[PDB]
Structure formats: structure tokens, C-alpha cells
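So this first bit is one chain, no partners, the form solved without this ligand, shown in C-alpha cells.
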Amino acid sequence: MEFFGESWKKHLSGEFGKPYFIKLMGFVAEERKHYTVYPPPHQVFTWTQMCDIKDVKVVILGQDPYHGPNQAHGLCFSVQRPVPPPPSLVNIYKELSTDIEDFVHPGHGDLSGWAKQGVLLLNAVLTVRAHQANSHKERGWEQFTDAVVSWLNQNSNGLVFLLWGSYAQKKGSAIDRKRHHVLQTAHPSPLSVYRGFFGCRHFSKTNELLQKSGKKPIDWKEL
């Protein structure tokens, strides 16, 4: 695999040879031949390119990538300029405006600044056919992302997992609550944000936790 961070490849390359992954790449390769597939190949693994796997401190689980032109680019809840922050991200910024005193809305929805600090913005499914949500589900990506989640679960220490919504809470249901910190709440989406996300204060909490264990906190305003 290309466009895949070396530090991550060194620990996860074992997945590339497994049958489920091999079949997966073939399905994706076949899809790209007939339709437009997001994100483009060089951005499918952006989450492995923003920081060394050893610097991962926070994990935010997402589901499917955005299926609109130039929206998805490898990180969950993130969109490239000049795409405006989607409803869910505006609510994320809203919570931050009350939870983190120095946070400022940057106007854009590009979360690369967080990924650079060790915030793994991982979607469960990494590709999607243009304008067809969930089109690439149950093709092999989930087995891969679960493999990634599992590696981090068994090999890291003191990570903070942010599980927002039903899909993420289910996928993160196996995280060791003793070895790691798991914060859960409603999905930031307008349809469920009022059920608990507003007021969850997960960003301030994440930093209090990271800092307590002697780790570098996330400067959320650094986007």
C-alpha cells in the first residue's frame, strides 16, 4: 500500500497479505474503474500520514466517508476547504466553544491539526462510491479498522477513546475500560446532539485525563 505512513505500516502491514484485505483492494480497484470513489487513493489513509502511530493519544471513531466531491479526505468528521463544516462538525465546534476556553472556530472543517497532535480520526469504512452512502460497507474495511482498533487496544496505554453515537459505541465496545479511558455520548448530529453531546465536555475531559497520565494534552484550537 502507498500513501500509508511508515510507522503504521511497520505494525499493520500484516493485514495487507490477509485474504479479506486482498479481496477488499480488488473490489475497490474494480469500483474505481467504473465509478468515482472517495476519497481518492492518496487520501484513503490520511490518518496514518499525520503523525507517528506512537503519538496517538485520542481516538474518535466514525462510520462512512463523505460521498460528495472534495469532502472526504481520510479523517472522520473532516472536510477540505472550501467545503463548509457539515451539521455534525458545527455542533462539535459549538461544544468546543463552551468546553475549551481558548477555542476559536477556524471557519473551515479541516481537522488535520488534530490528527497531527495524535488524534486518530478513524472511519470504520474507508472508501465509498460517489453519491452513494454506505456503498462500500461489509466489503472488508470493518475487519481492517477493527484490526487497527484492536492493535491499539492491546498495544497502547492510557488512550482516550471518544465514542459518539450507536455505530461507534458498538465498534468500541471491546476497548479495555481499565487500560484505556472511554468517554461515550450521543452523536453530534442535529438529530441526536440534544441527547447528551451538548454538555459532554469530552475535549476538556480528554485533556484532564491525558495530562494526569503524563501525556501531552490536545490543543484543540490548533487547526
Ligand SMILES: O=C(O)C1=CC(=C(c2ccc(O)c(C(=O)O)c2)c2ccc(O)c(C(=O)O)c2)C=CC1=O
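Start at 1 with the first residue shown and count on from there.
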task = Averaging the C-alpha B factors as listed in the entry, name the stretch that ends up higher: 79-87 or 111-119.
result = 79-87
ask   = Which wins on mean Cα temperature factor, 91-99 or 149-157?
value = 149-157
ask   = So among 42, 170, 187, 33, who wins on Cα B-factor in the entry?
value = 33
message = Comparing recorded Cα B-factors across 70, 63, 192, 48, which one is largest?
response = 70
key: Position of residue 165 among the chain's modelled residues by C-alpha B-factor, lowest, middle or highest third   = lowest
query = If you rank every modelled residue in this chain by C-alpha B factor, which third holds residue 143: lowest, middle or highest?
reply = middle
message = Test of reading the entry: by CA B factor among the chain's modelled residues, which third contains residue 59?
response = lowest
inquiry  = Taking only the Cα B-factors deposited for this chain, tell me whether residue 19 sits in the lowest, middle or highest third.
reply    = middle
request  = For residue 131, return the chain-relative third of its C-alpha B-factor as stated in the PDB record: lowest, middle or highest.
outcome  = highest
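As for the form deposited with this ligand bound, it is not shown, yet the points below apply to it.
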ask   = Based on heavy atom distances of at most 4.5 Å to this ligand in the deposited bound form, which listed stretch, 64-72, 22-30, 150-158, 45-53, is the contact stretch?
value = 64-72
task = Please check if residue 123 has a heavy atom lying within 4.5 Å of any heavy atom of this ligand in the deposited bound form.
result = yes
message = With the partner left out here, check for me: in the deposited bound form, does some heavy atom of residue 187 sit within 4.5 Å of this ligand?
response = yes
query = Does residue 86 make contact with this ligand in the deposited bound form, using a 4.5 Å heavy atom cut-off?
reply = yes
task = May I ask you to check whether residue 77 falls inside a 4.5 Å heavy atom distance of this ligand in the deposited bound form?
result = yes
